[PDB]
Protein chains: 2
Amino acid sequence: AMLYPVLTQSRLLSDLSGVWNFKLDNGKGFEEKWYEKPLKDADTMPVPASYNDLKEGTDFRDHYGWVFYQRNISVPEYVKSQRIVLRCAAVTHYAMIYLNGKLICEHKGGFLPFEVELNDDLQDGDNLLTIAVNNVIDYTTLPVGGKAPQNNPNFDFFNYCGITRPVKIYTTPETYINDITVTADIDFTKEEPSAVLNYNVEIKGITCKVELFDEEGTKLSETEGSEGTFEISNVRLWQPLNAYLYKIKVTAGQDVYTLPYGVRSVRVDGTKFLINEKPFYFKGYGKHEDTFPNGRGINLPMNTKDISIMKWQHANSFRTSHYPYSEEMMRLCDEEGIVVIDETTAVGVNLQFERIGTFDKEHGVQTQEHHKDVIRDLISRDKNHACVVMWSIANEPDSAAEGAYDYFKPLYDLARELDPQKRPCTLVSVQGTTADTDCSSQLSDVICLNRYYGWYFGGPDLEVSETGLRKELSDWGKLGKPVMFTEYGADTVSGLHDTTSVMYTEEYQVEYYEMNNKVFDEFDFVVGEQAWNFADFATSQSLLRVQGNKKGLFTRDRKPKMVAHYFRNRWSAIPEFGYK
Amino acid sequence: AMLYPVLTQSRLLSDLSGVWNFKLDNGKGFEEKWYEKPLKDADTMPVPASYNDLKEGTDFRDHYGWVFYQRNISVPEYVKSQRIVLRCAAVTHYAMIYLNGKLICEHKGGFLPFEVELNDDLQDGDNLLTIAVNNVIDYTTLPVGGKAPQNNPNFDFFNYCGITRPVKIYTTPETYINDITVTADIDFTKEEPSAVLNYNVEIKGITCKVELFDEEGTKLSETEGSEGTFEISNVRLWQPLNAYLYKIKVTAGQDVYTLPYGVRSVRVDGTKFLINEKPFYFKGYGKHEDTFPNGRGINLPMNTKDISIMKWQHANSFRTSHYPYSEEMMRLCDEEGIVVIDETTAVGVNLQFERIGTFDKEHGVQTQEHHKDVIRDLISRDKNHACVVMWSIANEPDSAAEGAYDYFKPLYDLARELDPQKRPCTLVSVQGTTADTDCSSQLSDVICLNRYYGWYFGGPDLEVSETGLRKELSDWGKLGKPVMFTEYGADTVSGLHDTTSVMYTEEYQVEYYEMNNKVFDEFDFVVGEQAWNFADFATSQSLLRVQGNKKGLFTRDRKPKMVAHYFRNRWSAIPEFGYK
Ligand SMILES: CNc1nc2sc3c(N4CCN([C@@H]5O[C@H](C(=O)O)[C@@H](O)[C@H](O)[C@H]5O)CC4)nnnc3c2c2c1CCCC2
Ligand SMILES: CNc1nc2sc3c(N4CCN([C@@H]5O[C@H](C(=O)O)[C@@H](O)[C@H](O)[C@H]5O)CC4)nnnc3c2c2c1CCCC2
Ligand SMILES: CNc1nc2sc3c(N4CCNCC4)nnnc3c2c2c1CCCC2
Ligand SMILES: CNc1nc2sc3c(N4CCNCC4)nnnc3c2c2c1CCCC2
């Protein structure tokens, strides 16, 4: 369980972000005890941020192995009173915290938070904090390092690493709040729908009371109970592009924490994805925590810029593509009313492109245990987010291979059981699968395709490509379930133009999406269009990557390609609800 | 009078185009007799083409003065039988032909054809042809060289010079055809309109008979008479975007020449520009004979490409901006059905931007005599072109200054009297004039404005700019005449993009034209929208020119800016006829 550190009367918060000392491991790093003494001949390195692009030459950009972040720490003795904790929101890949020279914590997983307490190794005076980060990826990591001394991603984005998100120090009373959970039942029956919310607070280390406020701070109800309930008639339902967030003050044993919460219902019904009992239609794109020169590092300004562009463009949703995003971005979609598809680090679980099969148990992937710890850690983190309407177990696994069904079912189950809101589960299907062959047809509530008819398939022949896409999508309808496209797009170099289009031209990109959009619009069970990608992003080099991935509607610096004006006009004529 | 040299049973045609010898005058050129001996230490230089960009360094690009083209010539004695003529379709600025060392011809005016006969200095064997070209521009040239050793154009395009169009050698019988003229009267009354055409052939140095064919070569009528007539019931009327061209074989004294001709009526009526008695609406742009690295040189392929793009874009017209275009392009618009506004070299007749006034007679411009010879030479050349529906006496003269009316009336008159079809006359008004102040309000059948509300005026404030444009255009309506915009646009660097537009961005360009187009659409007396410019073109350097003029809808190599897709959608929903 991981609550978002905030400033409360009961808890303090001090950011450690800034320029830290930094050294690339030379192999002999751990041998000598760098985590013991202050790094020598060190380099400077802002935190929070990916370090790959922040220096010059390939030696930083393409480093294999470990790096050492190092910074000094010092708390006021008058604080030992309360509990001292170190929250690392995300260290890409493996983290190893040393204080004063001793290991204190260790973590696997580059995109989710982890904490460690400091009360009993926090010395007096100036303490030597050391965070060593490893970037190696393999068949035991999610995301999955392939075989082709260098990391070779089995995924189409660059392997940005370092202290990707912030490192803070918060405190707490000795017995504290540790995990608040809230769910809602809404009775749309009444012409003025109302709702009953179920609280479930948890403490560790006494009386606990719950206060419920409205948008403006107006209190409206109170109760006591580490597992009580609450009633709200004439309830302001959170809605896509129309967020309403209540707030919640849990006072419990000299400790109080506040939580926003939006009241809405998610439910699949036949070929309809329903939000607050209405037939939604996804409009938006798959995104990437990718900016220059931050790498995958957190970027509050671009977060707001990205959401400003989405509203300008008349979109309503995005998918945390290939990894969970920052907590800040998740809260922002709550405030702004952005429907989010929250997705795990499970990309590259596919060895298809003697031959080893993906789910061979001696020579194939070794990810299921960690895949489970991710599903749990992620749902623990974002369970209370009204923006989250669905979960994505994995992006493009070899889901039509043998071993496939056996791999994923234990993970779907774990997901369906750990979501206090029992939200729809899916996985994003790669090109090649079909209704009959895809283990997703059974395990998933929503069929999410990534199809590229007009690019990989059939490009530059958009007629032949249309025939293919009708044929395949037609078949997908026989499952009687909601199907949305989570990726489709074409690599386009901003600036390349032509009257009779050729591939890579802004005109070819617009035509591609006209064909796909025409076919989408023929099937009432298509409940979503999400283009890949929102914006150009960095990938590993290869002959097929024109200085990265150029499938964005926008450039890496958020300037619109012609296609961005095509979608803005199309999405403006398509409602959040009732499109079918 | 100048007929377009073609291949006829009576006349031969041999192109002299190719790589000629070429030398930049060093001042001492004429002193020594370069036109006498073969140039020494010469350079290579294709003809036909502007020479400025065909070499490296500023020394070619920015040469002040004379250059010497030189090529060898040799005719088969068995030709002396017939008349031998040298037709120079266009030598930019001043031309001076030498044969074997003797001057044979001289010309002023860089954009119209001129010929000279060779029978009596054409030696036997190999003859030394020499064409010396001068690029100097001043208050006595059209276009007008300003005061700010270098040419400073008082016009916004680069001063490309050299043998701009081709040099050929044709022959003729001794008594020959010299100028055919045809006009038409159509009786739209009948439900199957018919027409009577009036021939007017001219010979110099005998029987002459006229044959009339249809599109496919089917003869349909014959007659005799150097000034006879002809009748055609159920006539195929040439029409915008629907050309029908009859042909005409004038056999006369062992000499025959063929001429295409289209039957259509042009007539202004109130606030309506009527073609074949219907209310036309101009759709298109102002263009420039500008390609790389040809300079202003002729370019048959780009001519066809430009016309292909216009049909793709759903345009119907263009203006020979700032100079008459090649004969080939003029014939092409006949074949393809492009309405053309034929315009003279008279740009820069405006000194506004002790102070000298434009039409001061000692210190101002000295162009009226030549301006007249241009009006005559031009109408003599293009009189029979169905594509030509209007004449432009001058682009942006100081038409609201004193002396203005006196300057232009003699030229309007000369124009209105020399057009066998009595076609509408105009001049294109610069920013600043108004209905009351513009000598064009009286002399012109169509008010043609060049306004820049949104750029020079008011940019980046498109609201304030709209208020200005409504205010001014409103007033222009009080004249009860047809008003079309012949220029409006905004400098746009292909590739610069933004969601919240800034000037120079493809998005700002599209918004500019949306505002102007909205206001245009409010006034039923606006009969035309022609954007400036069709494509990016070269200008003299200055702080206000981003590597030339970037106001094109297309780049200099004909690739579309976003705005080119905005117009194509708008023009597709606007008819050639009946828009009002
Ligand atoms: C019709 N038959 C084909 N089907 C396919 S599929 C495929 C392929 N994957 C697709 C799916 N993406 C997904 O989409 C995005 C992207 O690819 O840009 C990624 O950014 C994103 O992270 C990822 O989710 C990951 C990788 N990569 N390369 N070639 C192909 C290919 C080809 C053909 C025909 C021969 C040529 C290649
Ligand atoms: C609203 N008040 C103004 N009005 C005007 S007018 C003007 C100006 N001319 C206009 C008209 N063009 C014509 O249009 C094209 C073009 O300009 O690109 C040319 O290519 C084309 O050959 C030619 O026909 C020739 C030149 N050049 N520079 N500044 C201005 C200016 C300015 C202001 C305010 C201050 C800033 C400058
Ligand atoms: C794991 N992600 C991928 N998935 C796929 S699928 C497919 C294909 N197709 C699919 C349709 N059926 C016929 C064969 N052809 N070539 N490459 C691919 C392909 C690739 C990758 C990533 C590595 C590069 C190629
Ligand atoms: C001959 N072509 C021009 N015409 C014009 S008109 C105008 C203006 N305006 C017009 C509206 N009334 C208020 C003043 N301001 N600045 N420059 C100009 C201007 C220029 C040129 C060419 C040289 C550069 C400037």
# chains A, B, ... in the order shown; residues from 1 in each chain; ligands from 1
>>> residues_near_ligand(ligand="ligand 2", cutoff="7 Å", atoms="only C-alpha atoms and all ligand atoms", output="VMD selection string")
chain B and resid 155 to 157 395 to 396 430 to 432 450 452 to 453 456 to 458 487 532 549 551
>>> interface_residues(of="chain A", to="chain B", cutoff="6 Å", atoms="only C-alpha atoms", output="PDB file with C-alpha atoms, in the first residue's frame")
ATOM      1  CA  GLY A 495       7.556  19.000 -42.601  1.00  0.00           C
ATOM      2  CA  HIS A 497       4.552  17.268 -47.606  1.00  0.00           C
ATOM      3  CA  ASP A 498       3.119  16.232 -50.926  1.00  0.00           C
ATOM      4  CA  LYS A 559       3.803  21.014 -32.000  1.00  0.00           C
ATOM      5  CA  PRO A 560       0.926  19.693 -34.130  1.00  0.00           C
TER       6      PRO A 560
END
>>> residues_around(residues="range 318-320 of chain B", least_positions_apart="5", cutoff="9 Å", atoms="only C-alpha atoms", output="ChimeraX atom specification")
/B:282-289,325,338-344,392,486,530,534
>>> write_last_selection(atoms="N, CA and C atoms", output="short mmCIF file (atom, residue, chain, number, x, y, z; two decimals), in the first residue's frame")
data_model
loop_
_atom_site.label_atom_id
_atom_site.label_comp_id
_atom_site.auth_asym_id
_atom_site.auth_seq_id
_atom_site.Cartn_x
_atom_site.Cartn_y
_atom_site.Cartn_z
N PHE B 282 -13.77 34.33 -59.36
CA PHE B 282 -12.37 33.96 -59.44
C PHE B 282 -11.94 33.16 -58.21
N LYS B 283 -11.24 32.04 -58.46
CA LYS B 283 -10.65 31.17 -57.45
C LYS B 283 -9.23 30.86 -57.88
N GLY B 284 -8.27 31.20 -57.05
CA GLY B 284 -6.91 30.95 -57.53
C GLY B 284 -5.89 31.77 -56.81
N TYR B 285 -4.94 32.29 -57.56
CA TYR B 285 -3.83 32.97 -56.88
C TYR B 285 -3.00 33.80 -57.84
N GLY B 286 -2.12 34.61 -57.27
CA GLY B 286 -1.14 35.32 -58.11
C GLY B 286 0.07 34.43 -58.16
N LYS B 287 0.70 34.33 -59.32
CA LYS B 287 1.82 33.39 -59.44
C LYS B 287 3.08 34.14 -59.83
N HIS B 288 4.13 33.40 -60.11
CA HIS B 288 5.41 34.01 -60.51
C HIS B 288 6.13 32.98 -61.37
N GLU B 289 6.73 33.41 -62.47
CA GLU B 289 7.56 32.47 -63.24
C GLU B 289 8.84 32.30 -62.42
N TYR B 325 3.64 36.20 -68.89
CA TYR B 325 4.23 34.87 -68.88
C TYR B 325 4.53 34.40 -70.31
N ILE B 338 -8.03 27.59 -68.02
CA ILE B 338 -7.66 28.40 -66.86
C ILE B 338 -7.91 29.86 -67.20
N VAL B 339 -8.76 30.52 -66.41
CA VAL B 339 -8.96 31.96 -66.57
C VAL B 339 -7.72 32.71 -66.11
N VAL B 340 -7.20 33.57 -66.97
CA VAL B 340 -5.94 34.27 -66.74
C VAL B 340 -6.18 35.77 -66.72
N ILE B 341 -5.51 36.46 -65.80
CA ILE B 341 -5.48 37.91 -65.81
C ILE B 341 -4.10 38.29 -66.30
N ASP B 342 -4.03 38.74 -67.53
CA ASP B 342 -2.78 39.08 -68.18
C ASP B 342 -2.33 40.46 -67.72
N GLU B 343 -1.08 40.57 -67.26
CA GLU B 343 -0.56 41.77 -66.60
C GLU B 343 0.78 42.18 -67.21
N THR B 344 1.07 43.49 -67.19
CA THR B 344 2.25 44.04 -67.84
C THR B 344 3.44 44.06 -66.88
N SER B 392 -4.37 43.87 -66.88
CA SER B 392 -3.86 44.58 -65.71
C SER B 392 -2.78 45.52 -66.21
N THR B 486 -6.81 40.49 -55.49
CA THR B 486 -5.78 39.83 -56.27
C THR B 486 -4.58 39.41 -55.43
N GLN B 530 -8.04 35.65 -54.89
CA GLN B 530 -6.81 35.12 -55.45
C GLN B 530 -5.70 35.33 -54.42
N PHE B 534 0.89 31.68 -55.04
CA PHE B 534 0.80 30.26 -55.33
C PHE B 534 1.97 29.50 -54.70
#
>>> residues_around(residues="residue 158 in chain B", least_positions_apart="4", cutoff="7 Å", atoms="only C-alpha atoms", output="ChimeraX atom specification")
/B:538-540
>>> residues_around(residues="range 265-275 of chain A", least_positions_apart="3", cutoff="12 Å", atoms="only C-alpha atoms", output="PyMOL selection string")
chain A and resi 183-188+193+195+237-240+262+278-282+339+385-391+421-425+444-447+476-484+523-528+576-580
>>> residues_around(residues="residue 210 in chain B", least_positions_apart="2", cutoff="12 Å", atoms="only C-alpha atoms", output="PyMOL selection string")
chain B and resi 177+180-182+197-201+207-208+212-213+219-230+247-253+255-259
>>> closest_residue(among="A:520, A:111, A:64, A:353", to="ligand 3", atoms="only C-alpha atoms and all ligand atoms")
A:353
>>> atom_distance(atom1="CA of residue 114 in chain A", atom2="CA of residue 163 in chain A")
12.4 Å
>>> select_by_dssp(residues="range 27-116 of chain A", states="strand (DSSP E)", output="VMD selection string")
chain A and resid 43 to 47 66 to 73 83 to 88 94 to 99 102 to 108 114 to 116
>>> write_last_selection(atoms="N, CA, C and O atoms", output="CSV table (one decimal), in the first residue's frame")
chain,number,residue,atom,x,y,z
A,43,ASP,N,30.2,13.6,-11.0
A,43,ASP,CA,29.6,14.4,-12.0
A,43,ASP,C,28.2,14.9,-11.3
A,43,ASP,O,27.8,14.4,-10.3
A,44,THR,N,27.7,15.9,-12.0
A,44,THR,CA,26.4,16.5,-11.5
A,44,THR,C,25.3,15.9,-12.2
A,44,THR,O,25.4,15.6,-13.4
A,45,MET,N,24.1,15.8,-11.5
A,45,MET,CA,23.0,15.1,-12.2
A,45,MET,C,21.7,15.5,-11.5
A,45,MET,O,21.4,15.0,-10.4
A,46,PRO,N,20.8,16.2,-12.2
A,46,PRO,CA,19.6,16.6,-11.6
A,46,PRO,C,18.7,15.4,-11.2
A,46,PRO,O,18.7,14.4,-12.0
A,47,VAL,N,18.0,15.5,-10.2
A,47,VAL,CA,17.0,14.4,-9.8
A,47,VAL,C,15.8,15.2,-9.4
A,47,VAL,O,15.9,16.1,-8.6
A,66,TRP,N,25.4,-0.2,-13.8
A,66,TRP,CA,25.1,0.6,-12.6
A,66,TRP,C,25.6,2.0,-12.7
A,66,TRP,O,26.5,2.4,-13.4
A,67,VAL,N,24.8,2.9,-12.0
A,67,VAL,CA,25.3,4.3,-11.8
A,67,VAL,C,25.0,4.5,-10.3
A,67,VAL,O,24.2,3.9,-9.7
A,68,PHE,N,25.7,5.5,-9.8
A,68,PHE,CA,25.7,5.9,-8.4
A,68,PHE,C,25.2,7.3,-8.2
A,68,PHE,O,26.0,8.3,-8.6
A,69,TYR,N,24.0,7.5,-7.7
A,69,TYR,CA,23.5,8.8,-7.2
A,69,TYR,C,23.9,8.9,-5.8
A,69,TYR,O,23.9,7.9,-5.0
A,70,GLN,N,24.3,10.1,-5.3
A,70,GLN,CA,24.8,10.3,-4.0
A,70,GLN,C,24.5,11.8,-3.5
A,70,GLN,O,24.9,12.7,-4.2
A,71,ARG,N,23.8,11.9,-2.4
A,71,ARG,CA,23.5,13.2,-1.9
A,71,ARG,C,23.5,13.1,-0.3
A,71,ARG,O,23.3,12.1,0.3
A,72,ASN,N,23.8,14.3,0.3
A,72,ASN,CA,23.8,14.4,1.7
A,72,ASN,C,22.4,14.6,2.3
A,72,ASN,O,21.6,15.3,1.6
A,73,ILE,N,22.2,14.1,3.5
A,73,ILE,CA,20.9,14.3,4.1
A,73,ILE,C,21.1,14.7,5.6
A,73,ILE,O,22.1,14.4,6.2
A,83,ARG,N,7.8,9.3,12.9
A,83,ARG,CA,8.3,8.3,12.0
A,83,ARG,C,8.9,9.0,10.8
A,83,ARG,O,8.4,10.0,10.3
A,84,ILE,N,10.1,8.6,10.4
A,84,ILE,CA,10.8,9.1,9.2
A,84,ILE,C,10.9,8.1,8.1
A,84,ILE,O,11.3,7.0,8.4
A,85,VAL,N,10.4,8.5,6.9
A,85,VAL,CA,10.3,7.6,5.8
A,85,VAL,C,10.9,8.2,4.5
A,85,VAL,O,10.8,9.4,4.3
A,86,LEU,N,11.5,7.3,3.7
A,86,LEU,CA,12.1,7.7,2.4
A,86,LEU,C,11.2,7.1,1.3
A,86,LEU,O,11.2,5.9,1.2
A,87,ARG,N,10.6,7.9,0.5
A,87,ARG,CA,9.7,7.4,-0.6
A,87,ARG,C,10.4,7.7,-1.9
A,87,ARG,O,10.7,8.9,-2.2
A,88,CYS,N,10.7,6.6,-2.6
A,88,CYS,CA,11.3,6.7,-4.0
A,88,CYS,C,10.2,6.5,-4.9
A,88,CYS,O,9.7,5.3,-4.9
A,94,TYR,N,16.5,-1.5,-11.2
A,94,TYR,CA,16.8,-1.9,-9.8
A,94,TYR,C,17.4,-0.7,-9.0
A,94,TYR,O,18.3,0.0,-9.5
A,95,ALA,N,16.8,-0.6,-7.8
A,95,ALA,CA,17.3,0.4,-6.8
A,95,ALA,C,18.0,-0.2,-5.6
A,95,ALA,O,17.5,-1.3,-5.2
A,96,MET,N,18.9,0.5,-5.0
A,96,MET,CA,19.6,0.0,-3.8
A,96,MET,C,20.0,1.2,-3.0
A,96,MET,O,21.0,1.8,-3.3
A,97,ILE,N,19.3,1.4,-1.9
A,97,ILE,CA,19.6,2.5,-1.0
A,97,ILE,C,20.6,2.2,0.0
A,97,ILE,O,20.4,1.2,0.8
A,98,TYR,N,21.6,3.1,0.2
A,98,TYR,CA,22.6,3.0,1.3
A,98,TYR,C,22.5,4.3,2.1
A,98,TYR,O,22.5,5.4,1.5
A,99,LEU,N,22.5,4.1,3.4
A,99,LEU,CA,22.6,5.3,4.3
A,99,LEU,C,23.9,5.1,5.2
A,99,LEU,O,24.0,4.1,5.9
A,102,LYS,N,25.3,1.7,4.8
A,102,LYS,CA,24.6,0.4,5.0
A,102,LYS,C,23.4,0.3,4.0
A,102,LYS,O,22.7,1.3,3.8
A,103,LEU,N,23.2,-0.9,3.4
A,103,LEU,CA,22.0,-1.0,2.6
A,103,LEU,C,20.8,-0.9,3.5
A,103,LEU,O,20.8,-1.4,4.6
A,104,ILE,N,19.7,-0.2,3.0
A,104,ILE,CA,18.5,0.0,3.9
A,104,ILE,C,17.3,-0.5,3.1
A,104,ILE,O,16.4,-1.0,3.7
A,105,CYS,N,17.3,-0.5,1.8
A,105,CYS,CA,16.2,-1.0,0.9
A,105,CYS,C,16.7,-1.5,-0.4
A,105,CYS,O,17.8,-1.2,-0.8
A,106,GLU,N,15.8,-2.2,-1.1
A,106,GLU,CA,16.2,-2.8,-2.4
A,106,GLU,C,14.8,-2.9,-3.2
A,106,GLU,O,13.8,-3.2,-2.5
A,107,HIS,N,14.8,-2.7,-4.5
A,107,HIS,CA,13.6,-2.7,-5.2
A,107,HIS,C,13.8,-3.2,-6.7
A,107,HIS,O,14.9,-3.0,-7.2
A,108,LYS,N,12.8,-3.8,-7.2
A,108,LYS,CA,12.8,-4.3,-8.6
A,108,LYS,C,11.6,-3.7,-9.3
A,108,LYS,O,10.5,-3.7,-8.7
A,114,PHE,N,8.2,2.9,-3.9
A,114,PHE,CA,8.6,2.0,-2.8
A,114,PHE,C,9.3,2.9,-1.7
A,114,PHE,O,10.0,3.8,-2.1
A,115,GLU,N,9.0,2.5,-0.5
A,115,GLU,CA,9.5,3.3,0.7
A,115,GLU,C,10.4,2.5,1.6
A,115,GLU,O,10.4,1.2,1.5
A,116,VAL,N,11.0,3.1,2.6
A,116,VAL,CA,11.9,2.5,3.6
A,116,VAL,C,12.0,3.5,4.8
A,116,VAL,O,12.0,4.7,4.5
>>> atom_distance(atom1="CA of residue 142 in chain B", atom2="CA of residue 345 in chain B")
5.4 Å
>>> select_by_dssp(residues="range 424-519 of chain A", states="helix (DSSP H, G or I)", output="VMD selection string")
chain A and resid 440 to 443 462 to 479 506 to 519
>>> residues_around(residues="range 35-38 of chain B", least_positions_apart="3", cutoff="7 Å", atoms="only C-alpha atoms", output="ChimeraX atom specification")
/B:98,100-101,130
>>> closest_residue(among="A:333, A:418, A:400, A:443", to="residue 352 in chain A", atoms="only C-alpha atoms")
A:400
>>> closest_residue(among="A:360, A:438, A:306, A:521", to="residue 336 in chain A", atoms="only C-alpha atoms")
A:306
>>> atom_distance(atom1="CA of residue 233 in chain B", atom2="CA of residue 260 in chain B")
18.0 Å
